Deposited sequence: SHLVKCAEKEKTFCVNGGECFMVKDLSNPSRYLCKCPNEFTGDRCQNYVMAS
């Protein structure tokens, strides 16, 4: 409950379908929630097994 949705001007931050959030803190911070296939700070890399 510490996060809000990125504004439309920021929603292009996260790349491969990940949902963009902003932290409610001051100097604000961004993060995004990746689909199971993707990782990295902007969801730009694939997740690997074996």
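If you line the structure up with the deposited chain, just one stretch is without a C-alpha atom: 27-28.
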